[PDB]
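Here is the structure we will look at.
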Amino acid sequence: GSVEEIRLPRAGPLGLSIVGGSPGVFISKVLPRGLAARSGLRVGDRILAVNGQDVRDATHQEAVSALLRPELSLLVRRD
Amino acid sequence: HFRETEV
């Protein structure tokens, strides 16, 4: 139905947890106060890309590394 | 069971 761009204005910690990686990488937790929650990311979001980096079939660690690059634009899909 | 990483 839709793909969405969720952009986080980083200060640093994002305030989210991910599961999955090499059947896709998914947001498993969003700290209520954290930057991710404030920016509109939601549990169940599947991360497709990070700042243009395709992470659809990324490793778990690869996804972590992409998220910790030095705004953080996340392309996500919800199933 | 499913590794979860805080970021």
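Cβ atoms come from the backbone with ideal geometry, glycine included; neighbour counts cover every protein chain shown. Here, each number is a calculation from the coordinates, and none is a lab measurement.
Modelled spin labels at B:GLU6 and A:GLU71, positioned 7 Å past Cα toward Cβ, are 2.8 nm from each other. Between the listed residues A:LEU14, A:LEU72, A:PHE26, the Cα displaced farthest toward the positive end of the dipole of the protein assembly as shown, a dipole computed from Cβ unit charges relative to the Cα centre, is found at A:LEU14. Restricting the calculation to Cα atoms, the range A:3-78 yields a radius of gyration followed by a Dmax of 10.8, 31 Å. For A:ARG56 and A:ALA11, the FRET efficiency from 1/(1 + (r/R0)^6), where r spans their Cβ atoms and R0 equals 35 Å, is about 0.80. Charge dipole of the range A:3-78 (Cα centre as origin; +1 on each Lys and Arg Cβ, -1 on each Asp and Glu Cβ, all else neutral): 300 debye, rounded to the nearest 20.
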